[PDB]
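Here is the structure we will look at, set down as structure tokens.
Both backbone and side-chain heavy atoms feed into the values below; hydrogens, waters and symmetry mates do not. In each ligand, atom 1 is the first atom listed, and ligand 1 is the first ligand listed. Chain identifiers are assigned alphabetically (A, B, ...) following the order of the sequence lines, protein sequences preceding nucleic acid strands; residue numbering begins at 1 within each chain.
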6 protein chains.
Amino acid sequence: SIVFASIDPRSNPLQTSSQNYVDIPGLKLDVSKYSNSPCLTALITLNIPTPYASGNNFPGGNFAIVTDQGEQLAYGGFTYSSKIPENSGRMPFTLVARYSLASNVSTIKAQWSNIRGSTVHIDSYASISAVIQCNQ
Amino acid sequence: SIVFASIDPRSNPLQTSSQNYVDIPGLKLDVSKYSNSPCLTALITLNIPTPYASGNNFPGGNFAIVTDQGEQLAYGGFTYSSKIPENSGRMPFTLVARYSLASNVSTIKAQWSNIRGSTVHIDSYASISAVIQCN
Amino acid sequence: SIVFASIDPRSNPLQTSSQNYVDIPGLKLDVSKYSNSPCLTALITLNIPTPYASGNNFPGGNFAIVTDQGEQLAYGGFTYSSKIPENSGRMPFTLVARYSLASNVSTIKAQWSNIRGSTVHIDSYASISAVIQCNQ
Amino acid sequence: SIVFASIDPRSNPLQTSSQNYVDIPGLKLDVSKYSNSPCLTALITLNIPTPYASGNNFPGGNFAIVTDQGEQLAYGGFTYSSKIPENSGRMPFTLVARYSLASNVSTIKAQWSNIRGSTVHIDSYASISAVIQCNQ
Amino acid sequence: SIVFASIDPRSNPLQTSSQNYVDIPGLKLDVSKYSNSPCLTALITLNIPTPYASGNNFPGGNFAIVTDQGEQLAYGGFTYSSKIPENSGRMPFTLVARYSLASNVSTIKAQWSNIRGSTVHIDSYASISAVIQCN
Amino acid sequence: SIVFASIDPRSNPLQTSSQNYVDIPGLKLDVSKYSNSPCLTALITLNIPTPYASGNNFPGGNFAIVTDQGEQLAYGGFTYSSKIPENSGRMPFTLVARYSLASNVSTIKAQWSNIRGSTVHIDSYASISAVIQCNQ
Ligand SMILES: CC(=O)N[C@@H]1[C@@H](O[C@@H]2O[C@@H](C)[C@@H](O)[C@@H](O)[C@@H]2O)[C@H](O[C@@H]2O[C@H](CO)[C@H](O)[C@H](O)[C@H]2O[C@@H]2O[C@@H](C)[C@@H](O)[C@@H](O)[C@@H]2O)[C@@H](CO)O[C@@H]1O
Ligand SMILES: CC(=O)N[C@@H]1[C@@H](O[C@@H]2O[C@@H](C)[C@@H](O)[C@@H](O)[C@@H]2O)[C@H](O[C@@H]2O[C@H](CO)[C@H](O)[C@H](O)[C@H]2O[C@@H]2O[C@@H](C)[C@@H](O)[C@@H](O)[C@@H]2O)[C@@H](CO)O[C@@H]1O
Ligand SMILES: CC(=O)N[C@@H]1[C@@H](O[C@@H]2O[C@@H](C)[C@@H](O)[C@@H](O)[C@@H]2O)[C@H](O[C@@H]2O[C@H](CO)[C@H](O)[C@H](O)[C@H]2O[C@@H]2O[C@@H](C)[C@@H](O)[C@@H](O)[C@@H]2O)[C@@H](CO)O[C@@H]1O
Ligand SMILES: CC(=O)N[C@@H]1[C@@H](O[C@@H]2O[C@@H](C)[C@@H](O)[C@@H](O)[C@@H]2O)[C@H](O[C@@H]2O[C@H](CO)[C@H](O)[C@H](O)[C@H]2O[C@@H]2O[C@@H](C)[C@@H](O)[C@@H](O)[C@@H]2O)[C@@H](CO)O[C@@H]1O
């Protein structure tokens, strides 16, 4: 089966200047119905196709996929190659994780954080999705 | 089940200077066999791993996943951080959408458009795919 | 079903300056259980969310998804827009391939190569995965 | 998926002389996890491999598969060919039903009743099962 | 997936005195949608839980599961142990077959025939069903 | 998935006068490929549509579904209602079992045995089958 969540914050863009990972609002998957299922795995894709980061010390952004149990399943990020980008451009980002649903997990969700004091921005479509399948 | 299409225009590169979204030829999924099925869902991924855009005003490219009846299911894109890039680099792009197959939709396809008068280019492997599952 | 492998070589980072494609250590899928299945397809995703490439002639890196018989299923890459990037930044990369399991192939793996004498680097999470399903 | 329940009441056999259908203890399936699924069907099999019915007017037994709302999905029965069987023998019985899970029903169960004042008996293994699958 | 048909001829009982296998009306599965699929298989169950047969020479009935092109996939039946049963009792019957769906077969159906000049009877619920799965 | 085995011993009928359960030749399912799979269940149907038993003390026959580990999953049987049947008739028999494939099982097979010194006979089509499914 498929679980999916998307956002499209054009009118009210999202930003973070947090050095610690914080949730991205709206990018949460409920896997409640599959908790404690030794027979199931989720393949989770976080898609942030058009982020940018503003700043003056090689800005960028980081993203993670995490469970409600606080387990960080995957992480990565983008950064620019100039110290002070002329105008911070859109750097597409995707992240893929796996999670065994054997444990008592109920949520898989997206998080983000800054780097080198940047501000990370999302102002357009983004999604988190999972394909949940039997291990056989 | 999986549905998949790919292109590899290495001997015949694709480009657009269109300000309006237009189809990327060959990146289309025929979902006719699954349509009119309210309990099926598709999770669609557009993968354009090596695009670039030329131009002189912070060039870039935008992409979308659309139905044959013109509903935009997802969109996004890349841009460079310099007004006139020294040599427009390859900026990998992936886009993920979801679509219920309840309607009489027959095709899900990829579209592209330019940014600030750029020309967007694909000259190598790219794909569109879907995983189609019961709810 | 899902097949999955990930690496997180933070303590012992990976790199290549190979002009020719070589395996990325650890990013291999074992599909031998499904070899020669006439009605199964795999959708394979190579996710390298945080690579970079150092060098001084428009550096970058190329990636491919390949079978153990040497068939290249997909390929692509990233490159910077300056000849000599001030400090080569993180350029997220994802690649999707399809593979019919109607084959005696037993392993699918990730490969990489350099561009214009660059060195490509992975020093954090990366994954390769497949969703395997019946064509009907 | 499979849902299953069996009984083996060798030490504490079951019987009924009820003219009206009553539940067979223990032969119930819990389908509440699938309640109100619009695209799922269950193929239900009631297997009573070793029943008999005692009595002196062409005895036998009837069985049904019923929802917790009282809907009879299937029914059938066995009877002997003599008015007064010399010693009522074991007459294997199987019954198959279909059930759409597009319903708020939470339990499917087996029922039994007598014939012509018989007593029906189960003193060994019996089962009720369902295979649950998506219609597509 | 599941395919299923049932009958309940309580107000219009069925019977046969045919020595040759003949169709039981209504116990047929349309497998057209799955045909020409070499990698699909059907597991078919015929369930006739309450049949009986009348007659005076050890009566009984035989059943088969057959394709529309006349291939017999399974067969079996019941009989009484007395030459002239006092009153022909209900003898539950179930039959299970397998069929590859590689061919252009469109129907799998139930058939019946008599034994030693009997008349076979169905006057209540009966079904035919299949579970259809990838190999 | 489906596993299936059938016999049709018209030319060379099968019989047993064993009071202990013995294998029915040819009614064996190989579940090797699913051993040690906590995520899988098998629903197993033994179908002996046309058996009979000869004898002079209420003859009949018993059948079981058993694993290679010697676990008896299900059992049942038929018997006649007269001490000495005029001519032992065909008494259709079906048996349904479930097995969790979490254990190291490789075969599920059919067995039979006599009762009260009878001889059990099969001279026509019979099958054993399983539907194997994810528990979710
Ligand atoms: C202060 C200012 O005018 N800056 C503009 C910048 O616009 C600002 O940021 C955008 C995202 C939006 O919130 C504006 O309201 C805001 O003023 C320009 O950004 C473009 O703005 C247009 C709308 O006018 C679109 O939103 C477009 O997508 C924006 O460009 C994208 O986002 C930028 C931050 C870069 O990543 C660029 O590559 C993208 O295409 C930019 C355009 O060059 O110019 C000034 O900096
Ligand atoms: C050679 C040097 O000192 N340059 C630093 C650089 O650190 C070097 O490279 C990183 C990858 C690591 O191996 C260091 O041991 C090494 O000194 C800085 O890179 C950052 O280093 C910090 C730790 O000090 C973190 O590891 C951080 O993630 C690194 O930045 C990332 O990787 C870089 C190569 C760039 O892609 C950057 O955009 C990333 O965020 C950089 C930081 O600007 O500064 C000097 O160049
Ligand atoms: C009342 C009596 O003594 N009659 C016996 C009968 O035993 C009775 O019924 C069985 C079911 C059990 O509850 C006994 O305690 C009770 O005495 C015999 O039945 C067999 O009994 C043996 C044990 O002694 C086994 O239990 C065996 O499975 C029984 O036969 C089966 O059940 C019968 C009711 C018939 O359906 C028969 O065909 C089965 O095989 C019978 C055996 O012929 O003999 C007296 O009638
Ligand atoms: C010794 C004798 O002639 N007995 C017959 C019996 O035939 C014997 O058993 C059958 C199964 C077969 O192996 C014969 O070669 C053997 O002689 C009759 O059984 C029927 O035989 C015909 C063939 O001539 C068919 O095989 C038919 O299906 C048999 O009847 C079935 O099996 C019986 C054992 C009973 O269960 C009956 O109800 C079945 O229909 C019988 C027929 O009444 O008559 C003599 O007993």
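Here's the thing with A/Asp123: none of its N/O atoms is less than 3.5 angstrom from an N/O atom of ligand 1. The distance criterion of under 3.5 Å between nitrogen or oxygen atoms is met by A/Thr79 with respect to ligand 2. Ligand 1 has an N or O atom lying under 3.5 Å from an N or O atom of A/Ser88, backbone or side chain.
Ring planes of F/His121 and F/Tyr52: parallel class, angle under 30° (limits at 30 and 60°).
A/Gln19 CD: 12 or fewer foreign heavy atoms inside a 6.0 Å radius.
Regarding atom 20 (C) of ligand 3, its nearest protein heavy-atom neighbour is F/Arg116 NH1, 4.5 Å. Among all protein heavy atoms, the one lying closest to atom 10 (C) of ligand 3 is D/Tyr52 OH, 5.0 Å.
Interface of A/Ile115 with ligand 2, defined as ligand atoms under 4.0 Å from a residue heavy atom, comprises 40 (O). Below 4.0 Å from some heavy atom of C/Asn87 lie the following atoms of ligand 2, by number and element: 33 (C), 35 (C), 41 (C), 46 (O).
For atom 39 (C) of ligand 1, the nearest non-hydrogen atom from the set A/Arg90, A/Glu86, A/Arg10 belongs to A/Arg90.
Distance screen at 4.0 Å: atom 41 (C) of ligand 1 has a protein heavy-atom neighbour inside the cut-off. Within 4.0 Å of atom 32 (O) of ligand 3, at least one protein heavy atom is present.
Pairing each heavy atom of C/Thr79 with each of C/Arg116, the nearest pair is CG2-NH2, 3.9 Å.
The shortest separation from a heavy atom of A/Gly60 to ligand 2 is not under 4.0 Å, leaving the residue out of contact.
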